[PDB]
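Chains as they are written, first to last, in the entry's author numbering: chain B, 736 to 1026; chain F, 11 to 407; chain C, 16 to 464; chain D, 61 to 120; chain I, 1 to 37. Heads up, the beta-carbon is just placed ideally off N, CA and C, and yes, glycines get one too. Structure first, then comments.
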Amino acid sequence: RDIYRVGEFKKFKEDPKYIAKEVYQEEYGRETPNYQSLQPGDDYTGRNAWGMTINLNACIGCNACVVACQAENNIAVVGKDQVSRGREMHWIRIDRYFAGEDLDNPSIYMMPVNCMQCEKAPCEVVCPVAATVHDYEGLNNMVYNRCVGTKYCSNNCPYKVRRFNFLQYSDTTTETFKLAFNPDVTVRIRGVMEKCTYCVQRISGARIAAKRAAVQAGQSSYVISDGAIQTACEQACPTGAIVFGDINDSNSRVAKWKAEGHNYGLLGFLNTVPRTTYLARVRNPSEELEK
Amino acid sequence: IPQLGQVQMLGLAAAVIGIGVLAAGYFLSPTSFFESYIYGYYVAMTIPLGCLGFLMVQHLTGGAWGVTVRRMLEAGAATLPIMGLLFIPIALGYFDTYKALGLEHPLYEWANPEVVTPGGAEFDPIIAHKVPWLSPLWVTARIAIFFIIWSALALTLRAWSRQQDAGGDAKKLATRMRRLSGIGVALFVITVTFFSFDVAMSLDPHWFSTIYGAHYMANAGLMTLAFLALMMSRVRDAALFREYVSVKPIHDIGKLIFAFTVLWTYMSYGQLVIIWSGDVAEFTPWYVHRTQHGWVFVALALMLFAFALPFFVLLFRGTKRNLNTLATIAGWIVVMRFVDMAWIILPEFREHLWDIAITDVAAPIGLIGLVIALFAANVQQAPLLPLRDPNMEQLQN
Amino acid sequence: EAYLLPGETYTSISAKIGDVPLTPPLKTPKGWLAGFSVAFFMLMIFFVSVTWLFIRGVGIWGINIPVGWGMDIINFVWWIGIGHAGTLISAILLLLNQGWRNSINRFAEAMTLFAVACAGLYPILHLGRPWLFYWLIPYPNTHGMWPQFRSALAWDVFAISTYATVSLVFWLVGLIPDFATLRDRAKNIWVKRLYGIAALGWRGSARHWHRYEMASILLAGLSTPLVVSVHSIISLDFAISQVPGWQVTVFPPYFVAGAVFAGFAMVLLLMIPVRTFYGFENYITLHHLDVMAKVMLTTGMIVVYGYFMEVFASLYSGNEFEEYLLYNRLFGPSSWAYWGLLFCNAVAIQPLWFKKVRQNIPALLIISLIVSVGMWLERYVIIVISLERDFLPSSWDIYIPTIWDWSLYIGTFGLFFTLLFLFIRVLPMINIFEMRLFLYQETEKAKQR
Amino acid sequence: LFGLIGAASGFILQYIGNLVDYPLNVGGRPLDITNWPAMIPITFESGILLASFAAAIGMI
Amino acid sequence: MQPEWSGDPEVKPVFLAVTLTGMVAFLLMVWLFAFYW
Ligand SMILES: CCCCCCCCCCCCCCC(=O)OC(COC(=O)CCCCCCCCCCCC(C)C)COC(=O)CCCCCCCCCCCC(C)C
Ligand SMILES: CCCCCCCCCCCCCCC(=O)OC[C@H](COP(=O)(O)OCCN)OC(=O)CCCCCCCCCCCCCC
Ligand SMILES: CCCCCCCCCCCCCCCC(=O)OC[C@H](COP(=O)(O)OCCN)OC(=O)CCCCCCCCCCCCC
Ligand SMILES: CCCCCCCc1cc(O)c2ccccc2[n+]1[O-]
Ligand code: SF4
Ligand code: SF4
Ligand code: SF4
Ligand code: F3S
């Protein structure tokens, strides 16, 4: 499957789109995919559209983004028995993948998979009570006060980034853990679904700050800067693989990384239009060893 | 016999007109001749396949409508060897003899060596993946086997019915055709589904649907049910249906037509809502092609005149108890089935609503005129109802 | 054969059907007492399992992050699909003018109502926050919130509510002159009013019979597309998803066929003890068993055609996820369900073509039990195996059911059998009218020769 | 009459609720009459419910 | 054919009673669920 895309440096220098060109040439026989959808989506032409770009060339797999996401978003610690049952709670997971021409010594492919905040979200269509809806800004809104179980958002999520509170996973009795909880993020109860929110505590705080500055200066229009929102995973990434910013702002770093030819989204045949796109890993092999 | 001769000469004249206009259009566009002939074959196969299907359904589940229309179903299903003879232009279209017939690139996408072989000009990998199954030899063998199955089934059922009419035990020569119908319903379902696959869905191998074929079964059933209503209105004064046939077979036929109009819009809407709600790019180009360039108007006309009008005019008791109103509704229904097969097949060739040629209306009209003439000639050879049948008591009501 | 054995009168039909109810409770049979004791013990198991589920959570089951729908949804589709054949006998056979519905429709519609009662708790039971099932219902609130109505679970709310309500309404309409017969045949003056207020003074009037027959005809012609739409919507709560095992477009008629298949399996499996333990050999006949097995064979053949359609889609597609869905079903960690499904739904139906096997009673019982097991395996194959292995191979895990969803399944079996035993105690198993009308119709047929 | 009333009410309730009273973007699906699929099931079930209520209560 | 209660002087009083009950209950539900807050 075309999940971890690997390229070489010299052919990247010749043409940076050749990874996607070779993938779609092997899959469909054409250089570009003519993915057609029956749903219009929303517009996103003059508004703050938020997206993520994860660099697979610059990810080592140190799990610092995962621990930062847990610390920021109050993700519960479940037991070893609960992980053995398959019910780990992590809004971002680092997927090691062992791809190689010999599996007794393969190449290690680490990739952070969080919620893509898909513009046409299969998790959003199958929610019977509109507990997961989409923003004007372009974020999937997992509402826990509204979520009533039914566990279907997770079955229609193609990446399975959504984590369900099967039991009372969050601690209710330890006062030290209660102090450790973030006051600006909710603490989830048993029976609700949770997933990555692009750190919407920080998104909402910077939007409120920008609107307050706009009305204090009389500008009548709020502008959110490129460095104004920095999510927990992007902040605690020691490599800078994760970058967060505005899509519609062309001068933003995320739009400049998404204008690159090796930027791609996972499972594009499902017309989701992911906002967490990935940059393909570009290797630099030596001619005396590999080439 | 006078009305049978009248509809026989009407179908002969319509067949002559359709074949003449189709042959005139062949000299201006030999590609579109065969593209319209595929659609005409798909339209004209709705009658004999549906006649064989309801012949086996009424044999399994006996009824007053079944013994009323049973000989018409036998006459319609006996035209299937001639339909096997008429599949030969499509087979010659997708064979290697396409160059000698004026058609420049082969009739189906999997008959292209440049598509199904590696190193070719196009080399579509999905169509090249289906290269044994979607090949001219395998498709011709499958459709010929299907013709053999249909022909043997219909000829055996018709021969057993004629033997029951002529000489023999009526009760003993009913269990035999009931058992043959019991195995033949399953054989018919899988055979017609794979025939509909290899004829219609094999035009575009990028898109697959599993409710297809059974949707074609519902389409063919509604088409031949409205056909049965029209012919039953035509032969209502024939000195055999005046004595033994009352308004209850007409009521049952109208109820079956209403039920399978609901069934056809069910099989269309289920596929539509599945592909629409599950937004997968392997399936959505079908409805993109069936919506773009004015085809949304034909889809809305199918919503309004193929479901919303017959659902409301067939919901009343008096409109199906009357043969004149049932025949008018059946004529509107077969017009809407022509429009429905147009909306299903013609987006694969034309790409636009205004790109429809006159061959696209000449081929199904002429070929269904051939179907009309063959059915009338077959029903002229037999009495219109099985007098020596155990289920004759169901006509007394 | 015949659908009514000779030697029956209207008063004999009325006595032989209404004397199994209206007996004093001291004359209750020991077989009924033992069956009700087993049903009440498994209902206590149901209460214990539901109480522990509400106390602890839905995490007592085997469901996890990739497989969020498990045995709860398998048993939901199983129990809601049991009721299709009873709705078919109550409605579609009335539409078709089939004379074999007159002796199976009351018990079959009661089985439909009790199966829908067992399957309507399963959404609320699996819901995870069970007390908020009413947020799926469009109800006025101070928030201004709405259900989405684009999801198939809102359609499931409307379809399950309409199916239960119209099935109960049609069953009570079919019971009202039976209520009149029981009110007439009762002995104690205080049990006269039990069926009198439910018969509403029926009187058997020919003016009332015309409106009754018109209402029954229109209720049949509304309940046939009702039950097809309900089982299509229960197909759609997988088929609207993008899951490779679930994005299959033949699911609405495939689920209709599977529900009618499992329903007539359960109907035969519960007619045969009722026929051999009550004096209903004259009413429920070998021809009734033969035609019910014929409908089993037909609908099982349609389900086999649906299996062939799914296998054809996997082989015909160049899609790696469809190819791996077929590979995972054939040779996966849960391939036991697919192989036992193929044995229990394809191999076991080829005897049903044969007339002697169709007429044989223990072969029919074994075939019906095998078909019920294989239909549970079918719903396992559809839900669990498709959810186990998905698009991303990092999100792959195995679904292992615990003891608690099995206990809930055994408990809903006990609830179904408790409701059925209460029904056969206080109500007739078969329709007192429309079988004396069937006797009159057979007398008229004999007079017409 | 009540089947028509039920079908009209089942369409109008979904239309107003998802499209007028509370316009929510879910799955990128349309916010107008192009969202006519996923309205047909609840429309049909409402029509069947009120038509069967009409049959029963009207007969009684 | 005519209904059972055709020609009864209580039919239009009981129809006005049922419709009055329906409109009072409808207006009261509308008041509680829209204009109460
Ligand atoms: C994709 C959506 C498809 C929409 C499906 C619509 C089908 C609904 C049909 C309901 C059955 C009523 C027939 C009554 C009757 O028994 O007719 C009698 C004649 O007696 C009469 O005079 C009629 C009595 C009153 C009829 C009024 C009906 C009220 C309107 C229904 C409300 C629905 C809404 C949407 C308007 C004799 O005629 C028959 O018995 C024929 C019955 C045919 C049964 C059809 C079986 C098809 C199964 C497929 C179901 C498809 C899925 C999508 C639902
Ligand atoms: C199961 C889901 C779909 C249900 C749809 C079934 C259609 C129901 C409404 C149609 C009513 C048809 C009119 C009434 C009628 O003619 O049938 C009764 C008929 C005659 O009985 P006599 O009065 O003559 O007396 C005999 C006993 N005394 O009996 C029959 O022969 C039954 C007719 C068979 C119906 C065939 C429907 C098959 C549905 C196929 C669906 C396509 C599946 C594609 C995968
Ligand atoms: C293009 C035309 C359409 C063809 C459709 C073919 C596929 C459909 C299957 C055929 C259905 C026929 C059912 C046969 C079952 C049977 O044998 O029962 C017969 C009964 C009674 O017969 P008796 O008493 O023994 O003798 C009569 C002769 N003297 O007749 C019936 O009416 C019962 C049939 C009820 C139909 C239920 C099956 C529907 C399948 C469900 C799936 C549909 C998906 C939407
Ligand atoms: C008041 C009637 C409501 C009861 C039905 C609820 C509908 C409902 C709700 C769910 O969460 C489901 C999850 C999986 C499968 C089916 C489901 N159904 O049907
Ligand atoms: S912190 Fe950065 S480098 Fe480490 S796993 Fe996360 S994204 Fe990769
Ligand atoms: S990544 Fe998953 S949870 Fe996020 S919007 Fe897409 S489908 Fe929904
Ligand atoms: S963006 Fe924030 S919420 Fe989303 S995965 Fe990263 S740290 Fe977690
Ligand atoms: S389907 Fe909906 S109700 Fe909650 S568990 Fe998922 S967001």
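For I/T21, the CB stays at least 6 Å from every heavy atom of ligand 1. When the beta-carbon positions are compared, F/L312 and F/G264 stay at least 7 Å from each other.
Only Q74, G77, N78, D81, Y82, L84, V86, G87 and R89 from the stretch 74-90 of chain D bring a Cβ to less than 8 Å from some Cβ of chain C. Only buried fits C/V399, as 16 or more other CB atoms lie within 10 angstroms of its CB. A distance below 8 Å between beta-carbons, with the five flanking residues on each side excluded, links F/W305 to the following residues of its chain, in chain order: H299, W353, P357 and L363. Assigned with DSSP and collapsed to three states, F/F326 falls in coil, not helix or strand. The beta carbon of I/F33 falls within 7 Å of a beta carbon belonging to chain C, placing the residue at that interface. C/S29 places its beta carbon 7 Å or farther from that of C/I299. In this structure, the beta-carbon distance from F/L266 to F/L240 does not fall below 7 Å. Leaving aside the five residues that flank F/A387 on each side, the residues in its chain whose CB is nearer than 7 Å to its CB run, in chain order, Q18.
Taking non-hydrogen atoms of ligand 2 into account, the C-beta of F/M187 is found less than 6 Å away from none of them. In this structure, B/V883 and B/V864 form a Cβ contact; the two beta carbons are roughly 6 Å apart against a cut-off of 8 Å. By the neighbour-count definition (other C-beta atoms within 10 Å, threshold 16), C/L19 is a buried residue. Taking a beta-carbon distance threshold of 7 Å, C/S256 does not count as an interface residue toward chain D. In this structure, F/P400 places its C-beta atom within 7 Å of the C-beta atom of F/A184.
Taken through DSSP and simplified to helix, strand or coil, F/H115 comes out as coil.
At a cut-off of 6 Å, the beta-carbon of C/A167 does not count as near ligand 7: no heavy atom of the ligand is closer than that.
Around the beta carbon of F/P259, a 10 Å sphere encloses 16 or more other beta carbons of the protein chains shown; the residue is thus reported as buried. When distances are taken from the beta-carbon of F/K181 to the heavy atoms of ligand 3, even the shortest one reaches 6 Å or more. The Cβ atoms of C/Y210 and C/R222 do not sit closer than 7 Å to each other. For the stretch 141-156 of chain C, the residues whose beta carbon sits under 7 Å from a beta carbon of chain I are, in order, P155. Taking the CA atoms as reference points, C/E459 sits about 27 Å from F/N332. DSSP, reduced to helix, strand and coil, places B/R1018 within a strand of the structure shown.
Rounded to whole angstroms, the separation of the alpha carbons of C/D252 and I/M1 is 46 Å.
The contact set of B/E859 on chain D, defined by CB atoms closer than 7 Å, consists of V86 and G87 in chain order. Taking 7 Å as the cut-off, the Cβ atoms of B/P841 and B/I827 do not count as close. Under a criterion of Cβ atoms nearer than 8 Å, the residues of chain F adjacent to C/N334 are, in order, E292. With a threshold of 7 Å between beta carbons, B/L1002 makes no contact with chain F. Going by DSSP, F/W148 is part of the alpha helix (DSSP H) stretching over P146 to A176. Look at C/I445: its beta carbon is at least 6 Å from all of the heavy atoms in ligand 4. Not one heavy atom of ligand 2 falls within 6 Å of the beta-carbon of C/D305. For the stretch 163-194 of chain C, the set of residues with a beta-carbon nearer than 7 Å to any beta-carbon of chain D comprises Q163, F164, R165, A169, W170, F173, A174, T177, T180, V181, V184 and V188, in chain order. For I/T19, the uninterrupted alpha helix (DSSP H) run begins and ends at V11 to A34, by DSSP. Judged by pairs of C-beta atoms under 8 Å, the stretch 366-380 of chain F touches the stretch 27-47 of chain F, as three or more such pairs exist. Shortest gap from the CB of C/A254 to any heavy atom of ligand 8: 6 Å or more. Interface annotation for the stretch 272-299 of chain F against chain D: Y279, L282, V283, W286 and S287, criterion Cβ-Cβ distance under 7 Å.
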